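Presented as structure tokens, the chain that follows is alone, the form deposited in one PDB entry.
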């Protein structure tokens, strides 16, 4: 074994674990890829690093000179933040002021120069502000997670190989919730190259199933269902799109903690619900499905994921 040079070398190589009691009724087999175990608890730690690293190698940016910028209210900000702190890059992040205080604290802790935007203008307002800052800032450099090729590329170079090796080449289906689409595109392409028969299942919200001809809409599956097809997403690789409801995902997320000891985010619940359904189809008896569990559940204590347990906690009194 050895000592890592810095935190960026601790990224990736996350474990696989079989789902047991929650997978009742499956004739197929489901293993979860735990991105929740990344140094900062989410799959985004991979692209936060890859987008910065790729820019560096291309000579497009330099530590202490370039100013990183990105409009993000989710895990991508965190992934970029810890990697920027380690490599010595100034990082500016824009997000709607409506975002919870906890989401701002974590970024601040890493030294991010946070810029909040009109809560009424949503992410559109955050994106406008970012571009406005880019125009102002001389050595500014926007990452653009939805457009950056380095996003799916890191998944093609690490995530995919890890899954192939971790399953001994026995994976039959890869189940991935789609946010930027980088994971399913990069890892999926790699897996397809190892065995053309491997099936790629993209997961999206029933309330915003745009890949299925649905119309964009609000949902609670944080991390997926952007409401549009991301530039980095390659829909040709997708063999089947599986829709899961917000309630399904929330319920599975809770069941995963209660029965598997896996405290996961709601998008992990979505991936699990999708994968479990597939593993229940008689035609898939004996097959091995790998579902990506994007993030750890602790980062979502204030969201709807814990509403039920939260009110119960708040309503209890001490026993003498």
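Positions refer to the first chain, counted from 1.
Novice: If you average the CA temperature factors as listed in the entry, which stretch comes out higher, 136-144 or 188-196?
Specialist: Of 136-144 and 188-196, the stretch with the higher C-alpha B-factor average is 136-144.
Novice: Quick check on the record: does 237-245 or 169-177 carry the larger mean Cα temperature factor?
Specialist: On average, C-alpha B-factors are higher across 237-245.
Novice: At the C-alpha atoms, which of 81, 224, 206, 123 reaches the highest B-factor in this entry?
Specialist: Comparing C-alpha B-factors across 81, 224, 206, 123, the top value belongs to 123.
Novice: Tell me, please, which of 96, 213, 161, 152 has the highest C-alpha B factor according to the deposited entry?
Specialist: Result of the comparison over 96, 213, 161, 152: 96.
Novice: How does the C-alpha B factor of residue 66 compare with the rest of the chain: lowest, middle or highest third?
Specialist: Highest third - that is where residue 66 ends up once the chain's C-alpha B-factors are sorted.
Novice: Considering only modelled residues of the same chain, in which third does the CA B-factor of residue 36 rank: lowest, middle or highest?
Specialist: It belongs to the middle third of the chain when residues are ordered by C-alpha B-factor.
Novice: How does residue 183 rank on Cα B-factor within its chain, lowest, middle or highest third?
Specialist: Within its chain, residue 183 is a lowest-third residue by C-alpha B-factor, going by the deposited values.
Novice: Consider only the C-alpha atoms of the modelled residues in this chain, order them by B-factor as the entry records it, and name the third containing residue 7: lowest, middle or highest.
Specialist: It falls in the bottom third of the chain.
Novice: Can you tell me whether residue 55 has a C-alpha B-factor in the lowest, middle or highest third compared with the other modelled residues of the same chain?
Specialist: Its C-alpha B-factor belongs to the highest third of this chain's values.
This next part talks about the form solved in complex with a partner chain, which is not shown.
Novice: Which one of these stretches, 231-239, 121-129, 152-160, 193-201, sits within 4.5 Å of its partner chain in the deposited bound form when only heavy atoms are counted?
Specialist: Within 4.5 Å of the partner lies stretch 121-129.
Novice: With the partner left out here, if you bring back its partner chain in the deposited bound form, are 74, 145 and 219 all within 4.5 Å of it by some heavy atom?
Specialist: Every residue of the spot touches its partner chain in the deposited bound form.
Novice: Is residue 179 close to its partner chain in the deposited bound form, meaning a heavy atom pair under 4.5 Å apart or at it?
Specialist: Close contact exists here: in the deposited bound form, residue 179 approaches its partner chain to within 4.5 Å, heavy atoms only.
Novice: Since only the chain is shown here, I'm wondering whether residue 139 would be in contact with its partner chain in the deposited bound form (any heavy atom pair within 4.5 Å).
Specialist: Judged by the heavy-atom cut-off of 4.5 Å, residue 139 is well away from its partner chain in the deposited bound form.
Novice: Considering non-hydrogen atoms and a 4.5 Å limit, does its partner chain approach residue 92 in the deposited bound form?
Specialist: Output for residue 92 is no: heavy atoms all beyond 4.5 Å of its partner chain.
Novice: Residue-level contact is defined here as any heavy atom of the residue lying within 4.5 Å of its partner chain in the deposited bound form; does residue 98 satisfy this criterion?
Specialist: Residue 98 belongs to the contact set for its partner chain.
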